[PDB]
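To begin, one chain is listed below as structure tokens, in the form deposited in one PDB entry.
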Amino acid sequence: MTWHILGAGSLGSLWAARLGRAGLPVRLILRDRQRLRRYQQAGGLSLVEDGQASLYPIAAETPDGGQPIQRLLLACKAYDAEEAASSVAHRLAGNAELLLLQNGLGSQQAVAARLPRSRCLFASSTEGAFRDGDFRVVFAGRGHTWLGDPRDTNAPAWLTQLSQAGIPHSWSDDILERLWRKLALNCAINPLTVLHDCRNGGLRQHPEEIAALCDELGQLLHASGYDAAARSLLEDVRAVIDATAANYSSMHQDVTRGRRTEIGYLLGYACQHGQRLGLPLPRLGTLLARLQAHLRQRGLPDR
């Protein structure tokens, strides 16, 4: 019944604002008591829509106290997901369901294995949101979220509550195919944007590099049972480049801001998966090696 929100991701606050303002029970799970004290001083969660700011006084708490968690939304970086879910594992009720809003792959399976008695649903979202302060989030762009569970493919009954809160979603009976579509899309664009220090539109000047990457990424999708994604991957990459030509990729923004990237769940996960299939991916291998060396050169982690 209650929507417990864990993680400091921008999407978690956007979900919490829409869920709470629609009359659904929502409870924020903040990091520590110091963070809870500052949230109470701010008075609630501030959402910015088209320049207009609104204050949503959602109830909040810390992982140690509170009621049993039956439904948890995990919205954090992929490298923080396992550590975050384990901080509230003592409050999971057995019938608990987890909605994992992490980019890439790897962290979802790690959380699912760490919490065997809980149901971990996978999510892939295109909604844009960024933080402008400790408890202030800007609704940057409308998007769509795909939900699914590889272990239990039947849709839950609470999906209609998301419709009431205006959260666009679709239940997919093969959520792994959706996550692989977006991961292969990330590997073809973001690594080159960091190495070349350019906007996504600048990748038009490297057509053969894009084609060779999608070639190996297409073989990786074919070897994993995702034929439809592999055939349209190249034109899908071309469409995203033209649609986001003036934008800097999310990984380009992470590096320029001196922060850790999610490479361990994007290009690093792809090359890892190709090795397990015995599928050689040399171009992605050197691309991964150049990206890791690029990160280490600036004191940033390479995983």
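The numbering used is simple: start at 1 and walk along the sequence shown.
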Checklist outcome for this item: Ranked by mean Cα B-factor in the entry, 79 to 87 and 197 to 205, top stretch is 197 to 205
Item to check | Selected stretch [higher average CA B-factor]: 172 to 180 or 135 to 143 | outcome: 172 to 180
Checklist outcome for this item: From the entry's CA B-factor values, the highest among 110, 74, 223, 187 is 223
Next on the checklist: Looking at 167, 105, 93, 129, which one carries the largest C-alpha B-factor according to the PDB entry?
Outcome noted: 93
Next on the checklist: Please say which third, lowest, middle or highest, residue 63 falls into when its CA temperature factor is compared across its chain.
Outcome noted: middle
Checklist entry - When the modelled residues of the chain are sorted by Cα temperature factor, does residue 261 land in the lowest, middle or highest third? => result lowest
Checklist entry - What third of the chain, by the recorded C-alpha B-factor, contains residue 124? => result middle
Checklist entry - How does residue 25 rank on Cα B-factor within its chain, lowest, middle or highest third? => result middle
Next on the checklist: Please place residue 295 in the lowest, middle or highest third of its chain according to the CA B-factor in the PDB entry.
Outcome noted: lowest
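As for the form deposited with a small molecule bound, it is not shown, yet the points below apply to it.
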Next on the checklist: Given a 4.5 Å cut-off on heavy atoms, tell me which of 214 to 222, 113 to 121, 166 to 174, 94 to 102 is the interface stretch with the small molecule in the bound PDB entry.
Outcome noted: 94 to 102
Checklist entry - Can you check whether residue 127 is within 4.5 Å of the small molecule in the bound PDB entry, heavy atom basis? => result yes
Item to check | the small molecule contact at residue 11 in the bound PDB entry, heavy atom, 4.5 Å | outcome: yes
Checklist entry - Can you check whether residue 73 is within 4.5 Å of the small molecule in the bound PDB entry, heavy atom basis? => result no
Item to check | Any non-hydrogen atom of residue 197 within 4.5 angstroms of the small molecule in the bound PDB entry | outcome: no
Checklist entry - Of 227, 208, 152, 83, which residue is found within 4.5 angstroms of the small molecule in the bound PDB entry when only non-hydrogen atoms are counted? => result 83
Item to check | Among the candidates 78, 192, 162, 147, the residue which, in the bound PDB entry, approaches the small molecule to within 4.5 Å (heavy atoms) | outcome: 78
